[PDB]
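Novice: here is the sequence, then the experimental structure:
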Amino acid sequence: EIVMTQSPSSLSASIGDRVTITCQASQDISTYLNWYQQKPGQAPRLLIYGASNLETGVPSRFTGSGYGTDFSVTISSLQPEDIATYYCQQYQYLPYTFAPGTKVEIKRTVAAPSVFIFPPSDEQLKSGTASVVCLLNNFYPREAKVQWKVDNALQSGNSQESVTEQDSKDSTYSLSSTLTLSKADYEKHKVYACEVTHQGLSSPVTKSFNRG
Amino acid sequence: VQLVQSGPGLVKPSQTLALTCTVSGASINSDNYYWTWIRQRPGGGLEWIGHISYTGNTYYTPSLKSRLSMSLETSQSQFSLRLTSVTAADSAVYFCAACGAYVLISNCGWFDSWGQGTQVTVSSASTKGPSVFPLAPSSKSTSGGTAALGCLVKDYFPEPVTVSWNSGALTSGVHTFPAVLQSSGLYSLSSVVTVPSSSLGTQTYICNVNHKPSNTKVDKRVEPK
Amino acid sequence: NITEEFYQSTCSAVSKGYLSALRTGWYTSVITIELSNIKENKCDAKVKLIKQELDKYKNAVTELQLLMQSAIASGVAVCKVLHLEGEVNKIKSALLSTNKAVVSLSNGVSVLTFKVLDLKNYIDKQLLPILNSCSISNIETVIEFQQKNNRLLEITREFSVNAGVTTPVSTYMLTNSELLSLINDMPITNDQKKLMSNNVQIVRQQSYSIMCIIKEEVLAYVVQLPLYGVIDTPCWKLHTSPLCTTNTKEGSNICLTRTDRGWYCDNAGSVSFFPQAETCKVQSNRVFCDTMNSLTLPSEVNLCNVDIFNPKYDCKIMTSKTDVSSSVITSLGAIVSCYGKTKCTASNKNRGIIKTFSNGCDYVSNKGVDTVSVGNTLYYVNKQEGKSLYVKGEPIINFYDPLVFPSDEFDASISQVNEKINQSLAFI
């Protein structure tokens, strides 16, 4: 089985930049290398077939190069519609093998997150559990930190985060942190807060509510 | 060529996985067409499973040869895949794909056609429909002109869940997050919309959840206070 | 330069002055045509013509694919190596930036490789960008593809009607310029390079094209070329004809004919004898032969021409009592074996009959002679320039007593005939 190396693992570049991903095969595979583009929730899309040939319907700014063991794909000017993962795949020898991939992020100026906190719905409280959700909306870069304070007591191990993929419209991210408690524990305390730390904030921001 | 996949999302362990792909735009027996199967493990790369030729010749990846089966059903214009003695290591999104060429002198390795994919989860757990709770907007979720709101899709199995807002009329500002696997066996995800705050009380916001693995469709109104 | 001697005593003639070119080995080159993969074809009089050529190209590929479902033992061995995985890829890499390259195969054989036609490059830069605007308004792009594809169609035809093995090697397999440069790069002496270049038509006749593999857009056939490891040694051709007695009473005559007629060439202190005709090709005074169909004889075999009863080599003859008339047309004349009542003459075009043969075995040179007639069979003589020598001598058939002559020996010799004569005389 043929091992495929893709470099780099992930990259970020400004809009309009020249982006180049290289691909290396364990042994010579002639011109039999393809390039695929896969966005979240969708099947892969063939970009380049036969090392260099451009698939019908792909923008002209995609260029393929190489022969044998070393190949590369190049985006002449990076665009918002290119935020995806890129794979190279060989087909000289069966079984066909893919590379691990290359994530592509768009670089932009630092944007501070809009922080919102939601208390549990009364409908959920009947079931026996209580979930508090804290939302960080439209920030860049991706790196952000959220921690919960139930009556000024740092919580640990009862919260789960989730991050969106980079929005192609404004190149930002969103995050959702969910603090899960039982109804009994939830009604013993009064103040619930999420403390957000981000590079776009001069000092940490806190959103909290009462009546818990 | 158009490809549409049919298959179950949940499969019990040590069973057999049955997927079919229905082809449109070219005969299953047309020249130099190789019907390929590819699977993508969660958070990972792609793995080529095998293909079956327009004549019926089959190549299976050496790893899964003992457990793989592929056949052609020309009358219904579809080809199938069978993986037996499945375990939790076989949970992935299974992709129907096709390679075709006018003149072919090499392996057919370019996949210009794909299906949408089937999310196959292999667990001894049972399917469960989600419980949907509203995330009501208030002063703590208003920042100037716009206010945020959403719904919480909690305690379902298995993936995936489809979330809509106002039957599809509301699409701008919508952010549905990737699901998270909770400490129990079940999943949970959140969907959030940003909305002009002046519109609360005058416009209806309803969260449309569709979970096909359990024939579940839930509508929940999201209202202030 | 070509001379000839006729020996009246044995009714035979030796033509000498020829120079050898003996094929002793084989050189194997791998000739490749780079093909291509065509993803799609979708689309106007000019473009319609292009699509007809594309169909001929696709059909040719399919035919060659279907096709892939001792003199050439070496070529076939090279074809077997090409089927191993990765092997074709090695060639593809060697010929990436050049058309000529030496490639060592996986079994250690170092073969010369030659890309004679690059159809891959032509379709992927010219045609492929155009087949996915459909508007091709100049005639010169059409012409080049028709020219380049026509060769592929004929190569495919040849392999298709020869079960993958062709001879002579056509100019479709290897053009004159391609062949000439292949010869130039061969591991041979300048004398060998010169001989092959001045006789390219003979080289083609002694070569094989062996269809090998179509895999990974490469069509490859092996062209197996002769190696002439023996050059400029003397060669001679022995012609023989029946020698009979001429008694009046029919059926009372006995006959003798020297066997082993054919070409002889000096080779490494011995003489190479090629018993089956057509294996030698004569151009001018150079004679090209193939050593697999020869015997190696002591050089004393030559004595049968000067002294057929010598005690050192047992000259081969056949015997019979069938005194029929015939002629053997030689390099520089004609032997006439005229018996019974046959009228045998030699004539010139304009002068007419110039020699009338008497009963016996006789000879006439090609100087002033155009045809020879024996009975109702007209023979045209070869008119090449060269001097002949008539060596007079008593026909040796007169030295045998007809009462003890063995007329039923086909494969025989003087000593065997002597032995049998001795046995019949003992019982008398």
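Specialist: Looks like it arrived, so ask away. Residues are numbered from 1 along each chain as shown, chains lettered A, B, ... in the order given.

Novice: would you mind listing the buried residues in stretch C:132-147?
Specialist: C:132, C:136, C:141, C:145 (16 or more other Cβ atoms under 10 Å in any protein chain shown). The way it works is simple: take the backbone N, C-alpha and C, and place the C-beta from them, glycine included.

Novice: contacts for that stretch?
Specialist: The contact list for stretch C:132-147, computed with Cβ atoms under 8 Å, 6 or more residues apart in numbering or on different chains, reads A:56, C:40, C:42-44, C:46-47, C:49-50, C:53, C:122, C:126-127, C:130.

Novice: in CSV, list those along with neighbour count.
Specialist: Below are the contacts of stretch C:132-147 laid out as CSV (neighbours: other Cβ atoms under 10 Å in any protein chain shown):
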residue, neighbour count
A:56, 12
C:40, 12
C:42, 8
C:43, 14
C:44, 10
C:46, 13
C:47, 16
C:49, 15
C:50, 19
C:53, 17
C:122, 18
C:126, 13
C:127, 18
C:130, 14
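
Novice: farthest pair within those?
Specialist: Spanning the widest gap among the contacts of stretch C:132-147 are A:56 and C:49, at 23.2 Å by Cβ to Cβ.

Novice: quick one on the thing from earlier: looking at the buried residues of stretch C:132-147, which one is closest to residue A:124?
Specialist: Closest to residue A:124 out of these is residue C:132 (55.5 Å), distances taken as Cβ to Cβ.

Novice: ok, now how distant is the closest one from chain B?
Specialist: 11 Å (Cβ to the nearest Cβ, to the nearest Å).

Novice: wait, is that residue part of a helix?
Specialist: No. Counting by DSSP: H, G, I helix; E, B strand; the rest coil, residue C:132 is not part of a helix but coil.

Novice: pick out the residue nearest the middle of the chain.
Specialist: Unless you meant another one, I'm taking chain A. Nearest residue to the geometric centre of chain A (Cα atoms, centre = their mean): residue A:165, 4.0 Å.

Novice: secondary structure element for that one?
Specialist: Using DSSP states H and E, residue A:165 falls within no helix or strand.

Novice: which ones are touching it?
Specialist: A:40, A:83.

Novice: sorry, back to before: please flag which of the contacts of stretch C:132-147 sit within helices.
Specialist: C:46, C:47, C:49, C:50, C:53, C:122 (DSSP state H).

Novice: doesn't residue B:167 belong to a helix?
Specialist: Yes. Assigned with three-state DSSP, residue B:167 falls within a helix.

Novice: chain neighbours aside, what residue packs nearest to the residue of chain B found nearest chain A?
Specialist: Of all residues in chain B, the one sitting closest to chain A is residue B:109 (2.3 Å; Cβ to the nearest Cβ). In space, and not counting its chain neighbours, residue B:109 is closest to residue A:91: 2.3 Å by Cβ to Cβ, 6 or more residues apart in numbering or on different chains.

Novice: and residue C:191, how far from residue C:286?
Specialist: Going from residue C:191 to residue C:286 by Cβ to Cβ, to the nearest Å gives 12 Å.

Novice: just residue C:219 next, same as before
Specialist: For residue C:219, the distance to residue C:286 - Cβ to Cβ - is 35 Å.

Novice: more neighbours, those two?
Specialist: residue C:219 (24 against 19; other Cβ atoms under 10 Å in any protein chain shown).

Novice: just checking, that one touches residue C:35?
Specialist: Yes. Here residue C:219 reaches residue C:35: they are 5.5 Å apart, a contact under Cβ atoms under 8 Å.

Novice: which neighbours do those two share?
Specialist: residue C:152.

Novice: and the residue in the stretch 151-300 of chain C that chain B sits nearest to, how many neighbours does it have?
Specialist: In the stretch 151-300 of chain C, the residue that lies nearest chain B is residue C:217 (4.6 Å; Cβ to the nearest Cβ). Using other Cβ under 10 Å, residue C:217 is surrounded by 23 other residues.

Novice: check residue A:164 too.
Specialist: 19.

Novice: nearest residue to it other than its sequence neighbours?
Specialist: residue A:174 (4.5 Å).

Novice: secondary structure element for residue C:192?
Specialist: Residue C:192 belongs to helix C:190-197, assigned by DSSP H and E.

Novice: can you give me the buried ones in the next helix or strand after that helix?
Specialist: The C-terminal neighbour of helix C:190-197 among helices and strands, as given by DSSP H and E, is helix C:200-205. Residues C:202, C:203, C:204 are the ones in helix C:200-205 that count as buried (16+ other Cβ under 10 Å).

Novice: any idea how many residues pack against residue C:274?
Specialist: Residue C:274: 23 neighbours (other Cβ under 10 Å).

Novice: mind listing what it touches?
Specialist: Residue C:274 neighbours (Cβ under 8 Å, 6+ apart): C:262, C:263, C:265, C:280, C:289, C:290, C:293, C:294.

Novice: the residue lying closest to residue A:207 once chain neighbours are set aside: which element?
Specialist: Counting by Cβ to Cβ, 6+ apart, residue A:207 lies nearest to residue A:117, which is 4.2 Å off, once chain neighbours are set aside. Assigned by DSSP H and E, residue A:117 belongs to strand A:114-118.

Novice: list the buried residues of stretch A:123-136.
Specialist: A:124, A:125, A:129, A:130, A:131, A:132, A:133, A:134, A:135, A:136.

Novice: in helices only, show me those.
Specialist: Using DSSP H, those in helices are A:124, A:125.

Novice: nearest to residue A:207, of the buried residues of stretch A:123-136?
Specialist: Nearest member of the buried residues of stretch A:123-136 to residue A:207, counting by Cβ to Cβ, is residue A:134, at 6.7 Å.
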